[PDB]
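*Asks:* Just passing along the structure, written as structure tokens.
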Amino acid sequence: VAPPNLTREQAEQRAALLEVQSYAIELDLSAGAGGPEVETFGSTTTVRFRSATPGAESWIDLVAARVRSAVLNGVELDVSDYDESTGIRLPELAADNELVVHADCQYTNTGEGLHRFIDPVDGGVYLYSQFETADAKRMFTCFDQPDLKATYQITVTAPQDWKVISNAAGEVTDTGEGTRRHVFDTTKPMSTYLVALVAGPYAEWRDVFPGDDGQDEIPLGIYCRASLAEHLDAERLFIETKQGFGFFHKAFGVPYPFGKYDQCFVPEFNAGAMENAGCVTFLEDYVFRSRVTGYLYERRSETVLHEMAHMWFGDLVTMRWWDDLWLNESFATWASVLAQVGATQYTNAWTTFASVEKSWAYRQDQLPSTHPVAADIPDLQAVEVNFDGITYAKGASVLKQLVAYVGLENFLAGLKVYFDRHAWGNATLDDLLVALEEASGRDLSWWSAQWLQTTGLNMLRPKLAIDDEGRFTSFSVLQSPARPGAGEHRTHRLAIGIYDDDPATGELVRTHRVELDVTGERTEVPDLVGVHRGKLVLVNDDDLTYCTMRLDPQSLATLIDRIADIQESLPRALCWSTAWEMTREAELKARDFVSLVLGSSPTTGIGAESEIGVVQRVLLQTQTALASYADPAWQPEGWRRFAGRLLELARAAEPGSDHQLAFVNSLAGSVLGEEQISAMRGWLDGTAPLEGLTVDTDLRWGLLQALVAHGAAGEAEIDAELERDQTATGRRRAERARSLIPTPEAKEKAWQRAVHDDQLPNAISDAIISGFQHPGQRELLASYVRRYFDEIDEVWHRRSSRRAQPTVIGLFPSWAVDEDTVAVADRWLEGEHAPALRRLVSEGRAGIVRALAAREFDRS
Ligand SMILES: [Zn+2]
């Protein structure tokens with residue numbers, strides 16, 4: 001028995017019948033600062049709502065340990081058969097209704113509902129809420145669906161040393177008995193999944209965004225655990241926050257809709273961040289206790305602006321049902337990057353987007369599970385696995401392209417129409433399209449039909465002919481049918497770039513750029529006729545569209561021979577992305593990808609790449625190419641080449657630089673030989689340092705984990721390290737290290753605990769899974785292929801979707817690239833399984849099929 005799996009039709013039935021005005025929520029957290037045995041908190045809800053049909057029956061949702069009382073219009077309801085799957089039935093409704101429910105809800109350690117964590121350092125007890133998708137019902141009684149918006153008035157009694165943060169500002173008074181009562185202002189209307197509670201002895205920083213241009217002042221707060229406060233770069237975070245608030249109200253024509261804005265770094269968080277209105281929560285990894293590269297700063301800033309963007313895209317206007325989640329996530333992702341480029345130091349963020357996030361979109365779109373951006377979601381279980389590379393990155397890429405197509409001025413004017421119309425309410429795909437059509441004066445139905453309602457990618461490549469002076473005599477862009485999918489040819493607004501040698505530096509620079517609408521199978525580009533072809537043609541120059549870009553033969557030979565010579569970072573990153581995707585798609589051999597990346601000198605390959613985020617991403621891709629895509633006979637040689645070159649690059653890198661750190665961190669994830677192991681041990685212990693590399697708390701763990709993985713360190717060294725870092729983060733990092741121990745005994749202990757131990761908190765179970773795989777340990781892991789398929793149904797049955805996913809995705813035998821693994825998956829697929837589980841298993845199988853084709857391609 002479990003919380004409900006609300007269906008689309010059930011949601012529609014409640015929305016047709018009900019209209020909710022208000023919730024008043026009273027939480028008794030007075031016992032919350034007690035020990036690990038404290039199980040429940042008091043939850044009292046008063047909900048005021050209308051029924052269109054007096055006399056009808058409905059139901060409201062609640063996941064609680066006990067319902068003490070439930071009283072509808074003053075009539076006591078029989079809750080003797082309450083269970084969390086059925087909520088509370090509501091018979092004989094009146095036109096106007098008031099329901100009051102007193103219940104004991106449960107704290108979790110799963111990152112769902114009201115999560116409770118105890119800090120081992122100082123004994124501080126920290127709570128935070130996480131309600132998206134449908135976990136609001138674990139804190140208060142509610143119609144837990146996004147189209148029944150209401151106002152919330154939250155009052156909390158808490159241990160007196162706790163701060164309490166919610167959606168709105170509040171007033172606090174002493175109770176006289178060791179607690180404080182926090183009475184929050186009534187919120188603006190919002191969906192249940194956006195209600196927030198963060199409570200504990202969090203460290204606090206305050207600032208203010210001054211009132212500007214019709215937007216009132218915004219009080220700003222930052223919160224984190226007291227034991228982490230010395231590491232929080234508050235000044236930098238407030239600067240980035242205020243840059244966002246200046247940008248978005250100008251862009252959208254709509255001031256920040258909530259009164260204040262708090263950002264809380266919370267323990268044991270499951271995602272990157274969550275856009276609770278006025279009270280955004282973040283993964284603690286973004287509090288940098290150790291030194292990180294510039295890419296992590298950039299990705300944190302992206303996340304900050306993503307969540308700020310949702311204040312409009314999701315919080316002000318919300319999808320009507322989960323099939324339109326993309327209205328929240330695609331738009332927030334697009335707007336985050338638009339803001340980075342427009343308002344922050346991260347003016348390169350479209351390069352990062354092309355390299356990192358688009359690669360996620362491609363992979364997602366090519367799985368057998370591929371779905372349109374505007375998805376079909378029959379129930380909550382279907383959405384729980386749909387926060388994916390299509391809902392986020394493909395959607396964002398399609399929107400970037402829609403901007404290119406209609407123009408930014410028209411697109412922003414359309415957003416203003418949309419926000420003004422649907423403010424404090426819900427919207428669909430149709431509503432968004434109508435707003436955009438109104439602002440642009442264009443029909444976009446056909447556009448939506450081919451771009452938002454379809455799956456797959458179109459390949460785009462130049463077809464050209466040149467005269468004896470190298471000038472084009474003809475030029476067209478060929479478009480392939482959309483795959484995987486329906487095979488349609490789309491309209492793309494794209495640019496073609498021609499690149500040739502700059503006489504002064506010898507680097508490849510853009511000589512010509514032609515932008516046009518490409519349609520159908522072939523589109524001539526007559527303005528390129530007569531132009532010298534140069535050395536490199538890019539038909540998605542400036543990355544305007546969503547496609548599979550490919551090159552003509554001369555251009556591809558230039559990429560292979562001279563990628564580092566590309567002057568500008570964006571077209572160079574598009575070239576790195578092309579090479580990678582060709583590898584994934586069995587068009588470039590893995591060994592050829594590895595050779596491109598490794599280079600052969602200081603000015604060739606990835607060691608010459610200036611953009612740190614591209615360096616990190618390309619290195620991770622190379623490690624995938626080696627383990628998954630290279631001919632098994634060549635893998636050992638490929639790893640020796642990689643490890644040897646990365647040690648050279650690390651030793652050659654500028655002391656203290658981000659490049660130096662990236663190379664070391666890449667070595668720490670690789671299959672290593674004795675020469676690299678011994679170097680790494682000397683860095684860790686400091687008896688033979690790498691000049692300028694500061695081995696700080698988290699780099700010590702990263703190097704020790706690599707040593708453990710290779711059998712060069714063991715449990716005693718892990719235990720000794722945990723003594724040096726006696727923190728909750730240390731416990732997690734020690735768990736990853738213990739899963740990496742390369743023995744059968746160790747691997748079985750790790751499997752048993754990951755799969756079966758439901759007492760461990762989310763973050764620990766996940767850290768255990770995160771050390772299970774390693775590219776040097778394939779032979780140990782081969783003992784788990786049948787184990788996985790034979791045991792995953794029972795995991796899925798026992799854990800929530802959100803808590804089973806790490807096991808399903810993370811223990812899938814992606815290491816076992818063999819037709820035998822495909823046959824085992826095939827037999828599993830012939831059985832009966834939950835649809836969302838089947839989806840995830842098929843995705844893993846598809847990974848194996850893609851790797852087999854790549855391996856055959858690399859074979860020489
Ligand atoms: Zn988001």
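By convention here, the chains of the structure tokens are called A, B, ... in the order presented, each chain's residues are numbered starting at 1, and ligands are numbered starting at 1 in the order presented.
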For the interface of stretch 396-456 of chain A with stretch 131-155 of chain A (cut-off 10 Å, counting only C-alpha atoms), please tabulate each contacting residue of stretch 396-456 of chain A alongside its nearest pair of atoms and their separation in Å to one decimal, rows sorted by chain and increasing number, as JSON lines.
*Replies:*
```
{"residue": "A:424", "atom": "CA", "partner": "A:149", "partner_atom": "CA", "distance": 7.9}
{"residue": "A:425", "atom": "CA", "partner": "A:149", "partner_atom": "CA", "distance": 7.3}
{"residue": "A:426", "atom": "CA", "partner": "A:147", "partner_atom": "CA", "distance": 6.2}
{"residue": "A:427", "atom": "CA", "partner": "A:147", "partner_atom": "CA", "distance": 9.0}
```
*Asks:* Do you know which residues are at most 12 Å from residue A:511 counting only C-alpha atoms, after dropping those on the same chain fewer than 2 positions away, and could you put them as number ranges by chain?
*Replies:* A: 496-503, 507-509, 513-514, 528, 531-538
*Asks:* How close does chain A get to ligand 1? List, as a Markdown table, each residue of chain A within 8 Å, its nearest atom pair and the distance in Å to one decimal, counting only C-alpha atoms and all ligand atoms.
*Replies:*
```
| residue | atom | partner | partner_atom_place_in_ligand_line | distance |
| --- | --- | --- | --- | --- |
| A:273 | CA | ligand 1 | 1 (Zn) | 7.5 |
| A:274 | CA | ligand 1 | 1 (Zn) | 6.8 |
| A:275 | CA | ligand 1 | 1 (Zn) | 6.9 |
| A:306 | CA | ligand 1 | 1 (Zn) | 6.1 |
| A:307 | CA | ligand 1 | 1 (Zn) | 6.0 |
| A:310 | CA | ligand 1 | 1 (Zn) | 6.7 |
| A:328 | CA | ligand 1 | 1 (Zn) | 6.6 |
| A:329 | CA | ligand 1 | 1 (Zn) | 4.6 |
| A:330 | CA | ligand 1 | 1 (Zn) | 8.0 |
| A:332 | CA | ligand 1 | 1 (Zn) | 6.0 |
| A:333 | CA | ligand 1 | 1 (Zn) | 6.9 |
| A:392 | CA | ligand 1 | 1 (Zn) | 7.7 |
```
*Asks:* Find the residues near stretch 18-21 of chain A: any atom within 9 Å, counting only C-alpha atoms, skip ones fewer than 3 places away on the same chain, and give them as an mmCIF file with N, CA, C and O atoms, in the first residue's frame.
*Replies:*
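Just written: part_5.cif:
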```cif
data_model
loop_
_atom_site.group_PDB
_atom_site.id
_atom_site.type_symbol
_atom_site.label_atom_id
_atom_site.label_comp_id
_atom_site.auth_asym_id
_atom_site.auth_seq_id
_atom_site.Cartn_x
_atom_site.Cartn_y
_atom_site.Cartn_z
ATOM 1 N N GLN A 13 -11.797 15.023 -13.138
ATOM 2 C CA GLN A 13 -13.115 14.851 -12.490
ATOM 3 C C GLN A 13 -13.115 15.775 -11.274
ATOM 4 O O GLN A 13 -14.086 16.544 -11.110
ATOM 5 N N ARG A 14 -12.018 15.823 -10.479
ATOM 6 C CA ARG A 14 -12.011 16.718 -9.336
ATOM 7 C C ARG A 14 -12.003 18.171 -9.690
ATOM 8 O O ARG A 14 -12.639 19.021 -9.043
ATOM 9 N N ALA A 15 -11.308 18.512 -10.774
ATOM 10 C CA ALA A 15 -11.229 19.896 -11.168
ATOM 11 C C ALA A 15 -12.557 20.423 -11.729
ATOM 12 O O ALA A 15 -12.836 21.613 -11.678
ATOM 13 N N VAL A 47 -9.461 23.369 5.070
ATOM 14 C CA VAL A 47 -9.560 23.684 3.646
ATOM 15 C C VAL A 47 -10.986 24.209 3.364
ATOM 16 O O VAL A 47 -11.918 23.577 3.781
ATOM 17 N N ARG A 48 -11.054 25.320 2.652
ATOM 18 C CA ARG A 48 -12.313 25.980 2.259
ATOM 19 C C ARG A 48 -12.423 25.808 0.739
ATOM 20 O O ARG A 48 -11.482 26.148 -0.015
ATOM 21 N N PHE A 49 -13.509 25.182 0.260
ATOM 22 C CA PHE A 49 -13.602 24.845 -1.163
ATOM 23 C C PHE A 49 -15.081 24.791 -1.564
ATOM 24 O O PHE A 49 -15.930 24.513 -0.706
ATOM 25 N N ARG A 50 -15.317 24.986 -2.849
ATOM 26 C CA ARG A 50 -16.659 24.902 -3.453
ATOM 27 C C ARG A 50 -16.883 23.673 -4.232
ATOM 28 O O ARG A 50 -16.000 23.126 -4.858
ATOM 29 N N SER A 51 -18.129 23.186 -4.218
ATOM 30 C CA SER A 51 -18.543 22.153 -5.106
ATOM 31 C C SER A 51 -19.597 22.678 -6.088
ATOM 32 O O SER A 51 -20.561 23.292 -5.653
ATOM 33 N N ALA A 52 -19.383 22.400 -7.362
ATOM 34 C CA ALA A 52 -20.397 22.724 -8.397
ATOM 35 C C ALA A 52 -21.681 21.891 -8.289
ATOM 36 O O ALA A 52 -22.733 22.292 -8.893
ATOM 37 N N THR A 53 -21.609 20.764 -7.575
ATOM 38 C CA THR A 53 -22.734 19.835 -7.464
ATOM 39 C C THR A 53 -22.915 19.490 -5.998
ATOM 40 O O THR A 53 -22.289 18.568 -5.513
ATOM 41 N N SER A 58 -16.613 13.435 -3.210
ATOM 42 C CA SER A 58 -15.280 13.509 -3.778
ATOM 43 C C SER A 58 -14.323 12.900 -2.759
ATOM 44 O O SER A 58 -14.736 12.158 -1.873
ATOM 45 N N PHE A 143 -6.047 18.601 -1.964
ATOM 46 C CA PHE A 143 -6.366 18.080 -3.335
ATOM 47 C C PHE A 143 -5.079 18.254 -4.165
ATOM 48 O O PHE A 143 -4.772 19.343 -4.681
ATOM 49 N N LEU A 148 -5.725 22.755 -8.969
ATOM 50 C CA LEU A 148 -6.613 23.262 -7.922
ATOM 51 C C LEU A 148 -5.816 24.204 -7.010
ATOM 52 O O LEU A 148 -5.428 23.880 -5.837
ATOM 53 N N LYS A 149 -5.578 25.400 -7.535
ATOM 54 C CA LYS A 149 -4.800 26.366 -6.814
ATOM 55 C C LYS A 149 -5.573 26.964 -5.636
ATOM 56 O O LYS A 149 -6.804 27.006 -5.629
ATOM 57 N N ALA A 150 -4.840 27.488 -4.662
ATOM 58 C CA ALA A 150 -5.498 28.088 -3.483
ATOM 59 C C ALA A 150 -4.495 28.942 -2.809
ATOM 60 O O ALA A 150 -3.306 28.835 -3.137
ATOM 61 N N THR A 151 -4.904 29.738 -1.851
ATOM 62 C CA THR A 151 -3.962 30.411 -0.956
ATOM 63 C C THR A 151 -3.650 29.499 0.252
ATOM 64 O O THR A 151 -4.424 28.586 0.576
ATOM 65 N N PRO A 189 -2.190 32.880 -4.590
ATOM 66 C CA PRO A 189 -2.632 31.513 -4.976
ATOM 67 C C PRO A 189 -1.520 30.722 -5.656
ATOM 68 O O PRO A 189 -0.793 31.282 -6.463
#
```
*Asks:* List the neighbours of residue A:201 out to 7 Å using only C-alpha atoms; skip same-chain residues closer than 5 positions along the sequence, and give me the result as a list in words.
*Replies:* residues 124, 126, 161, 162, 163 and 226 of chain A
*Asks:* Hey, what does DSSP flag as strand (DSSP E) within stretch 403-495 of chain A? Can you give it to me as an NGL selection string?
*Replies:* :A and (425-427 or 459-466 or 472-479 or 492-495)
*Asks:* Contacts of residue A:769 at 8 Å or less, counting only C-alpha atoms, minus same-chain residues fewer than 4 places along, as a PyMOL selection string?
*Replies:* chain A and resi 736+739+750-751+754+765+773+806-807+810-811
*Asks:* How would you write, as number ranges by chain, the set of residues in stretch 271-445 of chain A that DSSP gives as helix (DSSP H, G or I)?
*Replies:* A: 284-286, 294-310, 322-324, 326-343, 349-366, 380-384, 390-406, 408-422, 429-440, 445
*Asks:* Which value, in Å to one decimal, gives the distance between atom CA of residue A:219 and atom CA of residue A:422?
*Replies:*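 Going from atom CA of residue A:219 over to atom CA of residue A:422 covers 25.6 Å.
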*Asks:* List as a ChimeraX atom specification the protein and nucleic acid residues near residue A:43, meaning an atom at most 10 Å away when only C-alpha atoms are counted, but skip any in the same chain fewer than 3 places from it.
*Replies:* /A:25-29,40,64,67,101-106,138-141,156
*Asks:* Export, as a PDB file, in the first residue's frame, the selected residues with N, CA, C and O atoms.
*Replies:*
```
ATOM      1  N   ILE A  25      -2.997  25.833   7.499  1.00  0.00           N
ATOM      2  CA  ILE A  25      -2.212  24.688   7.912  1.00  0.00           C
ATOM      3  C   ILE A  25      -1.535  25.052   9.229  1.00  0.00           C
ATOM      4  O   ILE A  25      -0.865  26.056   9.313  1.00  0.00           O
ATOM      5  N   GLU A  26      -1.681  24.178  10.233  1.00  0.00           N
ATOM      6  CA  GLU A  26      -1.000  24.361  11.539  1.00  0.00           C
ATOM      7  C   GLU A  26      -0.126  23.129  11.810  1.00  0.00           C
ATOM      8  O   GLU A  26      -0.691  22.046  11.901  1.00  0.00           O
ATOM      9  N   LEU A  27       1.196  23.324  11.871  1.00  0.00           N
ATOM     10  CA  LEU A  27       2.111  22.206  12.140  1.00  0.00           C
ATOM     11  C   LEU A  27       2.681  22.276  13.531  1.00  0.00           C
ATOM     12  O   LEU A  27       3.139  23.363  13.926  1.00  0.00           O
ATOM     13  N   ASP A  28       2.596  21.162  14.271  1.00  0.00           N
ATOM     14  CA  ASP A  28       3.215  21.103  15.555  1.00  0.00           C
ATOM     15  C   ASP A  28       4.515  20.308  15.413  1.00  0.00           C
ATOM     16  O   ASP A  28       4.499  19.063  15.407  1.00  0.00           O
ATOM     17  N   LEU A  29       5.610  21.079  15.340  1.00  0.00           N
ATOM     18  CA  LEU A  29       6.969  20.527  15.237  1.00  0.00           C
ATOM     19  C   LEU A  29       7.685  20.630  16.543  1.00  0.00           C
ATOM     20  O   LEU A  29       8.904  20.540  16.557  1.00  0.00           O
ATOM     21  N   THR A  40       6.789  11.339  14.104  1.00  0.00           N
ATOM     22  CA  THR A  40       5.665  12.165  13.579  1.00  0.00           C
ATOM     23  C   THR A  40       5.678  13.594  14.042  1.00  0.00           C
ATOM     24  O   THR A  40       6.328  13.980  15.075  1.00  0.00           O
ATOM     25  N   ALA A  64      -0.558   9.921   6.028  1.00  0.00           N
ATOM     26  CA  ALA A  64      -0.365  10.187   7.436  1.00  0.00           C
ATOM     27  C   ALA A  64      -0.240   8.859   8.170  1.00  0.00           C
ATOM     28  O   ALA A  64      -0.762   7.859   7.703  1.00  0.00           O
ATOM     29  N   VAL A  67      -5.054   9.446  11.302  1.00  0.00           N
ATOM     30  CA  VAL A  67      -6.002  10.572  11.259  1.00  0.00           C
ATOM     31  C   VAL A  67      -6.814  10.629  12.571  1.00  0.00           C
ATOM     32  O   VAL A  67      -7.519   9.665  12.849  1.00  0.00           O
ATOM     33  N   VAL A 101      -9.051  18.712   9.355  1.00  0.00           N
ATOM     34  CA  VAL A 101      -8.461  17.434   9.591  1.00  0.00           C
ATOM     35  C   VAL A 101      -7.239  17.562  10.544  1.00  0.00           C
ATOM     36  O   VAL A 101      -6.360  18.418  10.322  1.00  0.00           O
ATOM     37  N   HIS A 102      -7.235  16.750  11.619  1.00  0.00           N
ATOM     38  CA  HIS A 102      -6.087  16.668  12.575  1.00  0.00           C
ATOM     39  C   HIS A 102      -5.442  15.344  12.330  1.00  0.00           C
ATOM     40  O   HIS A 102      -6.112  14.313  12.390  1.00  0.00           O
ATOM     41  N   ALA A 103      -4.164  15.326  11.975  1.00  0.00           N
ATOM     42  CA  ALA A 103      -3.466  14.064  11.653  1.00  0.00           C
ATOM     43  C   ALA A 103      -2.035  14.141  12.209  1.00  0.00           C
ATOM     44  O   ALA A 103      -1.571  15.206  12.591  1.00  0.00           O
ATOM     45  N   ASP A 104      -1.414  12.953  12.289  1.00  0.00           N
ATOM     46  CA  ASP A 104       0.004  12.809  12.629  1.00  0.00           C
ATOM     47  C   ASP A 104       0.675  12.355  11.386  1.00  0.00           C
ATOM     48  O   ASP A 104       0.427  11.237  10.925  1.00  0.00           O
ATOM     49  N   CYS A 105       1.430  13.271  10.773  1.00  0.00           N
ATOM     50  CA  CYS A 105       2.175  12.917   9.549  1.00  0.00           C
ATOM     51  C   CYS A 105       3.576  12.482   9.932  1.00  0.00           C
ATOM     52  O   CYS A 105       4.076  12.811  11.015  1.00  0.00           O
ATOM     53  N   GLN A 106       4.239  11.824   8.986  1.00  0.00           N
ATOM     54  CA  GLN A 106       5.578  11.265   9.275  1.00  0.00           C
ATOM     55  C   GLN A 106       6.645  12.066   8.655  1.00  0.00           C
ATOM     56  O   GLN A 106       6.581  12.405   7.445  1.00  0.00           O
ATOM     57  N   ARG A 138       1.966  14.483   2.075  1.00  0.00           N
ATOM     58  CA  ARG A 138       2.677  13.955   3.218  1.00  0.00           C
ATOM     59  C   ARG A 138       2.877  14.967   4.341  1.00  0.00           C
ATOM     60  O   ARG A 138       3.418  14.607   5.403  1.00  0.00           O
ATOM     61  N   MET A 139       2.456  16.228   4.117  1.00  0.00           N
ATOM     62  CA  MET A 139       2.606  17.277   5.175  1.00  0.00           C
ATOM     63  C   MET A 139       1.262  17.869   5.578  1.00  0.00           C
ATOM     64  O   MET A 139       1.086  18.254   6.726  1.00  0.00           O
ATOM     65  N   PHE A 140       0.330  17.892   4.666  1.00  0.00           N
ATOM     66  CA  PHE A 140      -1.003  18.480   4.945  1.00  0.00           C
ATOM     67  C   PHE A 140      -2.056  17.847   4.049  1.00  0.00           C
ATOM     68  O   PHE A 140      -1.733  17.209   3.069  1.00  0.00           O
ATOM     69  N   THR A 141      -3.335  17.974   4.457  1.00  0.00           N
ATOM     70  CA  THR A 141      -4.468  17.338   3.710  1.00  0.00           C
ATOM     71  C   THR A 141      -4.798  18.233   2.550  1.00  0.00           C
ATOM     72  O   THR A 141      -5.038  19.456   2.750  1.00  0.00           O
ATOM     73  N   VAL A 156       3.381  27.412  12.274  1.00  0.00           N
ATOM     74  CA  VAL A 156       4.285  26.350  12.742  1.00  0.00           C
ATOM     75  C   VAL A 156       4.749  26.670  14.181  1.00  0.00           C
ATOM     76  O   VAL A 156       5.230  27.783  14.451  1.00  0.00           O
TER      77      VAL A 156
END
```
*Asks:* With only C-alpha atoms as the basis for distance, which of A:823, A:627, A:728, A:337 is at the shortest distance from residue A:228?
*Replies:*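 Between A:823, A:627, A:728, A:337, the residue approaching residue A:228 most closely is A:728.
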*Asks:* Write out as a Markdown table a residue-level contact list of stretch 320-430 of chain A versus stretch 540-547 of chain A with cut-off 10 Å: for each qualifying residue the closest pair of atoms and the distance in Å to one decimal, counting only C-alpha atoms, rows sorted by chain and residue number upward.
*Replies:*
```
| residue | atom | partner | partner_atom | distance |
| --- | --- | --- | --- | --- |
| A:350 | CA | A:543 | CA | 8.2 |
| A:351 | CA | A:543 | CA | 8.7 |
| A:353 | CA | A:543 | CA | 9.5 |
| A:354 | CA | A:543 | CA | 7.1 |
| A:358 | CA | A:546 | CA | 8.4 |
| A:361 | CA | A:546 | CA | 9.3 |
| A:362 | CA | A:547 | CA | 8.6 |
| A:394 | CA | A:546 | CA | 7.7 |
| A:395 | CA | A:546 | CA | 9.6 |
| A:396 | CA | A:546 | CA | 9.6 |
| A:397 | CA | A:546 | CA | 5.9 |
| A:398 | CA | A:546 | CA | 6.2 |
| A:399 | CA | A:545 | CA | 9.2 |
| A:400 | CA | A:544 | CA | 6.8 |
| A:401 | CA | A:545 | CA | 5.0 |
| A:402 | CA | A:545 | CA | 8.6 |
| A:403 | CA | A:544 | CA | 8.8 |
| A:404 | CA | A:544 | CA | 6.4 |
| A:405 | CA | A:544 | CA | 8.9 |
```
*Asks:* Any idea what the distance is between atom CA of residue A:782 and atom CA of residue A:816?
*Replies:*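 Going from atom CA of residue A:782 over to atom CA of residue A:816, I get 6.6 Å.
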*Asks:* Write out as an mmCIF file with N, CA and C atoms, in the first residue's frame each polymer residue whose atoms come within 10 Å of residue A:742, counting only C-alpha atoms; drop sequence neighbours fewer than 5 positions from it.
*Replies:*
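As a result, selection.cif now contains:
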```cif
data_model
loop_
_atom_site.group_PDB
_atom_site.id
_atom_site.type_symbol
_atom_site.label_atom_id
_atom_site.label_comp_id
_atom_site.auth_asym_id
_atom_site.auth_seq_id
_atom_site.Cartn_x
_atom_site.Cartn_y
_atom_site.Cartn_z
ATOM 1 N N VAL A 708 41.251 3.086 -3.911
ATOM 2 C CA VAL A 708 40.416 1.987 -3.416
ATOM 3 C C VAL A 708 39.992 1.127 -4.614
ATOM 4 N N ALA A 709 39.510 1.810 -5.655
ATOM 5 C CA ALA A 709 38.975 1.133 -6.843
ATOM 6 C C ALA A 709 39.999 0.215 -7.503
ATOM 7 N N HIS A 710 41.270 0.573 -7.409
ATOM 8 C CA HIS A 710 42.374 -0.175 -7.987
ATOM 9 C C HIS A 710 43.038 -1.163 -7.001
ATOM 10 N N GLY A 711 42.492 -1.307 -5.778
ATOM 11 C CA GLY A 711 43.099 -2.194 -4.785
ATOM 12 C C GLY A 711 44.376 -1.671 -4.172
ATOM 13 N N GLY A 714 42.485 0.313 1.135
ATOM 14 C CA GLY A 714 41.386 -0.493 1.582
ATOM 15 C C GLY A 714 40.620 0.063 2.676
ATOM 16 N N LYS A 747 31.382 -6.144 -3.018
ATOM 17 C CA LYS A 747 30.335 -5.842 -3.982
ATOM 18 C C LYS A 747 28.991 -6.398 -3.566
ATOM 19 N N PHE A 772 29.213 1.634 -7.003
ATOM 20 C CA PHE A 772 29.101 0.241 -7.398
ATOM 21 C C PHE A 772 29.773 0.010 -8.706
ATOM 22 N N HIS A 774 32.461 0.847 -11.792
ATOM 23 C CA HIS A 774 33.767 1.456 -12.074
ATOM 24 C C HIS A 774 34.311 0.802 -13.329
ATOM 25 N N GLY A 776 37.161 -0.210 -14.353
ATOM 26 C CA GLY A 776 38.130 -1.281 -14.121
ATOM 27 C C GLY A 776 37.596 -2.561 -13.520
ATOM 28 N N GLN A 777 36.309 -2.612 -13.191
ATOM 29 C CA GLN A 777 35.799 -3.656 -12.319
ATOM 30 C C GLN A 777 34.721 -4.448 -13.071
ATOM 31 N N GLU A 779 34.605 -7.256 -14.537
ATOM 32 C CA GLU A 779 34.517 -8.678 -14.162
ATOM 33 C C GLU A 779 33.864 -8.966 -12.853
ATOM 34 N N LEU A 780 33.977 -8.055 -11.902
ATOM 35 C CA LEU A 780 33.244 -8.203 -10.671
ATOM 36 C C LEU A 780 31.760 -7.948 -10.894
ATOM 37 N N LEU A 781 31.439 -7.006 -11.758
ATOM 38 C CA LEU A 781 30.092 -6.582 -11.907
ATOM 39 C C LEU A 781 29.300 -7.570 -12.800
#
```
*Asks:* A:696, A:437, A:685, A:631: which is nearest residue A:661, counting only C-alpha atoms?
*Replies:* A:696
*Asks:* Between A:743, A:554, A:366, A:578, which residue has the minimum interatomic distance to residue A:850, considering only C-alpha atoms?
*Replies:* A:366
*Asks:* When you count only C-alpha atoms, which of these residues is closest to residue A:841: A:695, A:822, A:671, A:767?
*Replies:*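 Smallest separation from residue A:841 among the options: A:822.
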*Asks:* Separation of atom CA of residue A:194 and atom CA of residue A:372, in Å?
*Replies:*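 Atom CA of residue A:194 sits 25.4 Å away from atom CA of residue A:372.
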